[PDB]
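Chain order of the listed sequences is W, K, X, J, L, C, b, N, M and V. Sequential numbering from 1 applies to the first sequence in the deposited numbering. Sequential numbering from 1 applies to the second sequence in the deposited numbering. Sequential numbering from 1 applies to the third sequence in the deposited numbering. Sequential numbering from 1 applies to the fourth sequence in the deposited numbering. Sequential numbering from 1 applies to the fifth sequence in the deposited numbering. Sequential numbering from 1 applies to the sixth sequence in the deposited numbering. Sequential numbering from 1 applies to the seventh sequence in the deposited numbering. Sequential numbering from 1 applies to the eighth sequence in the deposited numbering. Sequential numbering from 1 applies to the ninth sequence in the deposited numbering. Sequential numbering from 1 applies to the tenth sequence in the deposited numbering. Don't be surprised by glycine CBs; every beta carbon is placed ideally from N, CA and C. One structure is given below, encoded as structure tokens.
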Amino acid sequence: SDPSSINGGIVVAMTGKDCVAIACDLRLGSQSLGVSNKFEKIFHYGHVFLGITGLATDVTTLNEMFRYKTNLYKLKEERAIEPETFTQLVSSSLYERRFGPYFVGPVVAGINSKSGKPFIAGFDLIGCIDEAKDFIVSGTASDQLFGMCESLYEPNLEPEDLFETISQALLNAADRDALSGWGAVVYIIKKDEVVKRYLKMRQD
Amino acid sequence: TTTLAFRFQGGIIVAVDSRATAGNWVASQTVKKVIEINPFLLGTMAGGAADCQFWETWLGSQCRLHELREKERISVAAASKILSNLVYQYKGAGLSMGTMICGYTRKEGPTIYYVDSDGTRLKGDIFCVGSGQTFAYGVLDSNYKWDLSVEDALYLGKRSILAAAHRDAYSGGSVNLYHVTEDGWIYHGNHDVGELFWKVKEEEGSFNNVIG
Amino acid sequence: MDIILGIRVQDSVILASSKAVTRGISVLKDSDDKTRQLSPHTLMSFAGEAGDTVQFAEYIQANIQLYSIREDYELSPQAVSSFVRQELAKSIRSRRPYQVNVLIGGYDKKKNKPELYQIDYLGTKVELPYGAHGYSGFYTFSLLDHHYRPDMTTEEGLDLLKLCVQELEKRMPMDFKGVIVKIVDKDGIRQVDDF
Amino acid sequence: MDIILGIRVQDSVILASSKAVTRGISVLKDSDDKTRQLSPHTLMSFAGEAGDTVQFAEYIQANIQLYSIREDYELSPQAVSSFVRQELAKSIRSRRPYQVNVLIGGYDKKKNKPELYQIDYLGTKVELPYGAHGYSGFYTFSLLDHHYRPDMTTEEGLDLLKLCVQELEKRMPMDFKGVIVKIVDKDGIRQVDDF
Amino acid sequence: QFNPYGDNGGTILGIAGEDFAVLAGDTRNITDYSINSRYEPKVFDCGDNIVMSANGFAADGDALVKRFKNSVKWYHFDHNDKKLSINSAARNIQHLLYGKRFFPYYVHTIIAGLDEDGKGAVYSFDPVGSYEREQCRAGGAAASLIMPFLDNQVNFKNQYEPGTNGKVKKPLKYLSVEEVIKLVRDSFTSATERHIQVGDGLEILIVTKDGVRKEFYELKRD
Amino acid sequence: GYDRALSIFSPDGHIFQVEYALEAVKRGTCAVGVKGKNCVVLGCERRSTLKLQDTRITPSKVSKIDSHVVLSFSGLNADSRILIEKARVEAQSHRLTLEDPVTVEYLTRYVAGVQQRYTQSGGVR
Amino acid sequence: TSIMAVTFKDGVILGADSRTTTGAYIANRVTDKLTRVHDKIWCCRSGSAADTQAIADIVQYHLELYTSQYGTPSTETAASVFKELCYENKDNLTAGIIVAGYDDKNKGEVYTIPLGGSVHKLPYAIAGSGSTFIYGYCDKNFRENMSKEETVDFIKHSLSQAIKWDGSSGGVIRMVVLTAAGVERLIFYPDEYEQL
Amino acid sequence: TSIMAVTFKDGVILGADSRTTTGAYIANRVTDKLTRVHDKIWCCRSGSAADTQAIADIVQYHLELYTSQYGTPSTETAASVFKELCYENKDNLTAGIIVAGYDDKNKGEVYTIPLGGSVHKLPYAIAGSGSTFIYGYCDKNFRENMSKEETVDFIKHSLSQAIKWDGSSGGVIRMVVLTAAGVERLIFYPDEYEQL
Amino acid sequence: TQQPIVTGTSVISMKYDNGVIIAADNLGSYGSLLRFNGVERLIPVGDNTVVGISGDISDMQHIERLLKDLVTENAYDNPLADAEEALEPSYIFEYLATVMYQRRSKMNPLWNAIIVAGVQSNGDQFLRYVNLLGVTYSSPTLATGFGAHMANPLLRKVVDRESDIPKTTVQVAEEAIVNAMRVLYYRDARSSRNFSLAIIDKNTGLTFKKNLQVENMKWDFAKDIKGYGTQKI
Amino acid sequence: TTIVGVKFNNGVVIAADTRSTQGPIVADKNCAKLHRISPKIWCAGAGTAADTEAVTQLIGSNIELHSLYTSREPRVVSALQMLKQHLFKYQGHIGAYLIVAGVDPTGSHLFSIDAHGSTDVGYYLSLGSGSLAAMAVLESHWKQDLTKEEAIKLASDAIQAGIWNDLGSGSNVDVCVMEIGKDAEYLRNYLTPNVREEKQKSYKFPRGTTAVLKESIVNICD
Ligand SMILES: [Mg+2]
Ligand SMILES: [Mg+2]
Ligand SMILES: [Mg+2]
Ligand SMILES: [Mg+2]
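Structure representation (structure tokens):
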């Protein structure tokens with residue numbers, strides 16, 4: 001009965017040369033019992049990508065909530081929300097539930113369409129923004145992801161190389177966690193093309 | 001853990017997984033959960049790794065002392081009862097063990113005993129033990145017949161561990177197979193779930209829940 | 001309460017739900033129907049806390065029926081499942097949450113496809129080829145992982161379901177007094193009387 | 001463990017004991033014999049804490065068998081029951097007490113009479129026409145209060161026992177996988193194979 | 001109430017090659033948020049080409065190493081100076097640990113050396129004596145950070161041969177001592193970045209048929 | 001506790017207390033064992049200087065250790081009861097742990113071990 | 001905390017140590033526990049730093065609004081406002097406050113308000129953890145109608161002893177003199193008071 | 001309890017109140033907390049009545065057996081025996097004892113033994129619940145090499161204040177004078193000491 | 001299982017080029033009551049070792065007696081008791097460390113943190129820590145309690161690693177220790193102004209300084225601090 | 001966290017480390033603990049990260065509105081009053097421990113605020129888990145009449161004490177100088193004494209190493 005480790009799951013984001021990558025596993029379980037191997041944890045609102053780990057009901061709820069809020073943003077602003085602005089919206093929304101929080105570990109990833117700059121950010125369950133040049137990690141295998149990223153990562157990787165690095169970071173981290181894995185998805189994001197790849201990984 | 005053992009026309013199949021965990025941390029994927037006591041006796045391990053490992057290798061020493069003193073291999077019944085009586089002495093102290101003592105003797109034939117740390121000792125044809133036992137039962141019970149061939153029985157034991165390895169978060173790694181005959185136990189290999197799952201999925205057509 | 005199962009095949013969704021209602025050391029009833037028809041092509045089964053289960057089920061039923069009358073239209077299984085999820089997601093942070101787990105089996109008439117949704121009391125929704133709530137899953141999931149194929153007929157699905165009930169009747173500690181089986185397809189909802 | 005019953009009729013004592021051994025959410029065995037023959041005309045059934053039950057039963061068995069060999073004589077059912085009671089009465093104030101409840105069915109060859117003793121883990125002994133341990137008594141005692149007569153035959157006792165098992169199979173929450181039935185009379189102990 | 005256990009932090013790591021084995025560990029010792037020592041070694045040469053570390057609660061760690069060292073001494077006294085093989089050491093350590101099953105040594109134990117065929121050997125123990133031989137093991141505070149990296153770079157897990165459609169795995173091969181030390185150093189600098197109880201210094205003990213050699217490297221002191 | 005070493009070696013290498021125990025056996029009533037093709041028969045002498053005996057209740061010379069093994073003896077009658085009791089207890093203990101009655105060789109080996117122990121323990125004859 | 005307030009011939013003097021702690025760590029060694037709620041009505045604070053500050057701030061606001069409407073408030077009135085806050089919020093407060101002021105009609109006055117929120121008008125008051133150690137000394141040495149110099153010495157010697165024995169107390173001895181002449185702040189350092 | 005022992009020119013004097021309680025009920029108002037463990041080695045008892053009595057009885061036995069073999073024991077030796085009992089049985093004791101004796105070589109000596117069973121040799125010692133209130137007073141008023149009359153007055157005034165503030169203390173003030181001249185018992189009643 | 005009653009606070013120490021310095025104040029606290037002021041918490045063993053002890057004082061006095069007995073026992077049948085077979089700092093430590101860990105293992109600890117400072121027979125500096133848990137460690141600077149949090153950072157600025165030790169004189173080292181003692185008096189609520197300091201040098205031997213006082217303190221700035229925010233007078 | 005504040009001749013300087021932790025794990029190696037309330041009033045914050053940020057933003061927002069309303073430059077005592085009353089109201093549940101400093105028409109100021117709402121005044125202050133290491137340095141080297149460059153040196157030295165000695169603190173030193181009559185100068189990463197050394201190896205994988213099941217283009221346009 002620890003809300004952040006009932007369902008399991010992980011998300012990781014990385015920056016490369018004029019690109020960003022965000023990846024997640026596919027598992028949804030109930031403690032020991034694996035239930036679903038199709039549960040994707042990455043969503044997008046326009047060109048801004050959001051990954052969410054933690055309690056699955058809150059993952060779903062927050063996706064629906066940020067779709068709601070970004071849709072109204074676009075109608076009033078007459079433009080797509082940028083990663084920096086969306087990051088602030090996520091932080092505000094989470095801190096609004098300061099003393100009754102969503103049990104989540106969200107991760108923002110995307111490229112600012114005006115400046116062309118790659119942007120990633122992480123949050124704790126109550127809104128503290130954790131910005132990074134290199135990588136953000138989240139989920140039940142966050143220790144493992146920290147270890148994988150901190151050793152495997154190097155700056156200014158090309159999209160095809162960045163794919164290999166982030167995939168190997170996720171896969172090997174997931175395999176040391178009982179609650180993570182059961183499939184994986186990687187998003188490679190360039191200024192105006194996004195490629196989504198499903199990874200072959202061990203299914204235990 | 002997941003472990004299992006059953007009896008059929010052609011002896012005993014014994015299969016286990018190979019994962020060790022500390023909470024949600026996957027500690028090992030290569031643990032030996034079958035212990036070879038003698039050429040005719042096997043022991044399976046589930047629960048506390050040290051508890052099982054320590055006391056089952058101790059059991060092996062007691063079995064060796066029996067055959068030195070009695071000039072005859074120990075019965076599966078007497079071997080299992082040494083272990084059960086030992087853990088019963090420690091009852092309440094916090095030992096955690098779910099074990100199966102499998103073997104063949106002339107007087108008994110193929111025999112399986114379930115022995116656990118609260119002192120339960122049961123003779124039976126089929127048992128599944130560990131956190132993934134239910135998943136193994138689901139597949140094993142729904143495909144079990146006494147008249148299975150040695151080839152089919154080996155696969156079913158392997159397939160039942162795979163089933164549990166896939167669904168139980170605390171099971172996995174690889175499958176270790178054993179076949180026990182009138183001539184003793186025979187090892188039938190280590191089978192990594194990493195390759196075995198996809199091979200079974202493709203050839204069998206099962207595991208449609210998984211993204212192919 | 002206790003055992004609720006669901007299997008989605010080629011052309012239908014089949015729900016099996018245990019008939020026992022046990023309180024203390026007494027089985028009070030052995031013919032309990034743990035299901036409500038939300039709309040002509042949508043059925044919901046439920047298990048969980050006593051009182052909460054039926055109260056929630058009938059509350060959802062009333063809301064979907066109200067919608068049906070207002071718009072002269074049947075909500076899609078996906079739409080109904082999302083409404084149900086949100087109600088449970090609200091509930092989990094209430095003063096007293098609904099402790100109810102549900103399966104929703106529906107036939108989408110616009111898509112001509114069967115759909116099965118598993119939703120727990122927290123509001124955790126997943127679409128599945130086969131689903132279970134409680135301890136049942138610990139036996140049935142692995143069994144279905146082996147024997148299930150996505151192109152099965154309703155008859156094949158029923159045989160696959162018989163295999164699940166047999167396993168549960170062999171290895172489960174409690175006597176759940178068999179199951180009521182219902183099929184959801186293009187022609188609506190019907191009950192299998194001889195199971 | 002769980003269900004152990006006993007009925008003393010005109011010429012015999014009949015013991016019925018459930019066959020299930022359940023641990024967690026798994027029925028590990030459905031053919032378990034929860035009984036030990038203490039002497040040719042004395043049978044003891046047992047239920048309670050895992051491990052403790054068989055350990056106690058076999059310990060008593062060894063002691064009675066030792067007595068039999070020493071004196072070349074069979075202890076009376078009354079004498080055996082008193083020995084068993086004292087062992088449990090000792091046990092209850094030990095560092096770790098035996099959590100085992102027993103029924104002892106015996107035929108006294110000197111008296112030519114069947115005898116049934118009910119002894120709980122505290123060492124509470126009573127001689128009874130019919131006995132039960134655990135939740136079973138809550139259904140069977142009232143049933144037997146109505147249908148039992150002191151002059152019944154072994155066949156009548158078996159039908160009376162069928163009535164008990166049927167009631168338990170209807171109203172008990174758990175699946176106890178039927179019973180093994182044994183008869184103790186002037187000719188010793190035998191097992192009914194078709195129940 | 002008196003709590004007989006403490007946590008002294010730090011992390012350790014053992015890798016085995018074809019004809020060598022390394023056992024590394026950081027030299028930082030901590031309690032709570034304070035540093036007790038920047039250089040307190042916890043990897044030891046125990047004789048007979050066996051190196052050992054018992055990481056976790058240092059008082060238990062030191063007690064165990066002390067007892068095992070003494071066990072090696074008496075093994076010689078009782079069995080005509082016979083060399084204690086790594087497999088025999090492992091089994092002996094299990095009994096040392098399990099002997100305190102109901103009041104455990106609060107440590108993750110790793111030993112390294114060469115087996116009786118001259119090949120590199122690493123054995124790892126849980127706090128109550130469950131043991132297993134492996135090519136690879138990290139222990140202690142940052143084990144969860146380092147171990148997955150070792151799975152990937154030592155055992156080539158999740159790495160397939162390019163262009164083979166994820167059908168042919170990257171083949172297993174022994175690493176050179178130069179390659180192994182690179183992985184150790186990168187493992188510990190990565191751990192030092194993200195774990196507060198890891199830093200100050202890194203001491204590696206390398207075991208070949210010629211004996212036990214040491215190497216020291218500075219780690220970040222923050 | 002009484003500690004005296006009563007069974008000790010003499011200059012010629014004999015243990016006189018053991019050898020004198022054999023003289024007690026030589027004084028005892030004759031006992032014979034003969035085994036056939038499908039049976040063993042134990043025969044025992046009973047001295048007839050004792051008339052007015054009650055043979056219903058007088059200890060029999062052949063004792064059942066278990067339902068399948070018997071023990072007869074020659075020598076001190078009181079001593080034999082101690083050996084028979086220990087044997088009978090071991091018989092039940094064996095059935096309890098091994099789940100099989102003793103072999104005749106095992107039961108004999110146990111009884112002989114008890115006898116040996118009383119030849120190099122302090123304070124006992 | 002060791003705090004006290006003492007009436008004398010010309011008015012009243014307040015005294016305090018300067019130690020604020022969290023366990024055995026001294027978070028502030030130069031604290032000012034003598035607080036102005038009005039020109040010539042001050043208080044000594046003990047207990048929770050946060051609670052006593054919040055109370056003193058509210059009281060100062062109340063007396064400022066009182067003065068705007070009804071002119072200078074009496075010391076009794078100031079003590080009543082402190083009491084009202086301490087009594088009605090007794091479940092959520094850890095505040096031991098001594099109120100001291102100078103009227104021209106009433107001269108020097110001291111009111112002590114313990115944990116419960118009761119009020120006690122006294123010739124002098126001692127409070128805080130360190131007060132326990134000087135009950136004997138203060139009772140033996142206090143006289144009514146002392147001079148300014150005598151009262152300063154009485155407080156200095158008293159708080160010196162309170163500081164010596166109480167680990168929670170220490171630093172400097174601050175004092176505030178309230179007379180017709182005005183308001184005087186005094187400070188005394190360890191090197192003076194320790195060797196008394 | 002409020003207890004104390006004070007060394008002076010001619011030897012040492014012990015002092016105590018006479019109150020024994022169970023909660024707020026005074027079970028005995030005329031208790032004798034000054035206990036002989038040897039002719040000229042006495043102790044003041046505080047804490048559990050049962051514990052301190054049992055300890056004093058054992059010590060008196062030990063010193064009687066010591067005297068039989070080795071002659072008169074030193075005050076230090078008596079304190080060591082008290083310590084040994086208090087230290088080794090610290091988990092099961094609530095005893096605060098002050099040991100005081102007169103040698104001809106060493107003159108007056110005072111040893112205090114708090115809860116843990118540590119030993120502290122001092123010029124004077126105060127202990128018991130009432131001691132807290134006179135730390136200030138006693139530190140300010142104690143001088144070394146006082147006369148008998150001065151030391152009696154010091155203890156009388158000190159315990160008077162301890163009694164005044166501590167509810168657990170009261171009744172009469174008992175004192176025992178230990179000098180070369182012998183052993184003198186003094187008693188002082190409320191009507192004298194209350195109005196000091 | 002215990003609870004400490006009369007307690008001593010920080011013990012601080014460091015290595016310098018020729019030996020070691022160790023210091024501890026003279027206070028025996030009784031909870032928040034600063035009860036005893038003449039307590040010596042540094043105990044010399046021979047002329048080459050000083051043992052500094054914090055924590056429970058009854059247990060400290062027990063350890064004193066143990067060390068005193070160790071000196072007596074070592075002299076027995078030992079013609080070289082004041083020469084080659086004199087007690088080394090390393091022997092004294094290992095003995096205490098053994099006792100401390102044995103007592104924690106019997107769930108009845110000596111409630112102390114102990115620092116053994118001395119010079120070995122070969123001239124080497126010895127400085128090692130042991131506590132109620134039996135935890136041992138060594139460092140160029142060692143401190144217990146608040147000293148660990150406040151003294152160590154100051155002493156590490158002088159000797160930050162092994163190579164800094166030869167570069168540090170006894171004058172510089174003592175100055176750092178004395179400053180650290182002042183800082184502890186500012187900030188530790190169970191510290192006293194009076195303390196003892198010991199120097200064990202490989203040339204000049206054991207120098208034991210009693211009745212030292214914290215001095216050159218800054219308090220004047222306190223006069224300028226009024227109120228807690230907005231108050232002006 | 002370690003955070004400090006030091007007053008000098010003609011103003012005040014505050015500094016902080018840049019480590020953010022979640023248990024023993026370093027979550028953020030370069031986080032900004034110096035917060036702008038108004039142009040010339042800045043806050044250093046320790047405690048719960050989201051709390052220090054949120055409470056600093058809210059009061060900063062209200063201070064801006066107040067400044068616009070009153071046509072006056074905001075005062076440090078106003079930010080102090082607003083922060084303390086907000087924190088007191090929440091009875092410590094908002095875990096913000098703040099050092100508030102700045103210059104205004106009244107002069108230069110330095111305060112600290114506890115999570116429960118109590119406030120301090122001083123010439124030098126430190127808060128956070130590394131405050132004892134920092135305060136040790138401040139108590140050793142502080143004096144009356146510090147210059148600007150002396151105060152920066154003292155402040156950053158006090159932060160360094162925390163970086164090296166407190167496991168809760170690490171990485172870099174941020175500084176903000178608020179001088180009377182001048183613009184406040186925020187010095188982000190004023191010191192960076194914890195740069196990661198070169199890695200021993202590049203872990204760039206051969207392209208094709210990762211096994212892939214599916215590919216698809218994601219539509220981000222309308
Ligand atoms: Mg698995
Ligand atoms: Mg640090
Ligand atoms: Mg007591
Ligand atoms: Mg009184």
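- Under the 8 Å Cβ criterion, the segment 52-63 of chain L does not count as touching the segment 13-20 of chain C, having fewer than three qualifying pairs.
- Bounds of any alpha helix (DSSP H) do not take in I92 of chain J, whose DSSP letter is neither H nor E.
- In the DSSP assignment, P114 of chain J falls within the beta strand (DSSP E) that extends over 113-119.
- One thing to note: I187 of chain b has its Cβ no nearer than 8 Å to the Cβ of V6 of chain b.
- Taking 7 Å as the cut-off, one finds no heavy atom of ligand 2 near enough to the beta carbon of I3 of chain V.
- Interface residue (Cβ-Cβ distance to chain X less than 8 Å): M172 of chain J is classified as such.
- Taking the Cβ atoms as the reference, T20 of chain b lies roughly 5 Å from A27 of chain b, within the contact range of under 8 Å.
- Secondary structure of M175 of chain b (DSSP, three-state): strand.
- When Cβ-Cβ separations below 8 Å define contact, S28 of chain K makes contact with chain L.
- Under the criterion of beta carbons closer than 8 Å, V207 of chain L and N80 of chain L do not qualify as touching, at roughly 24 Å.
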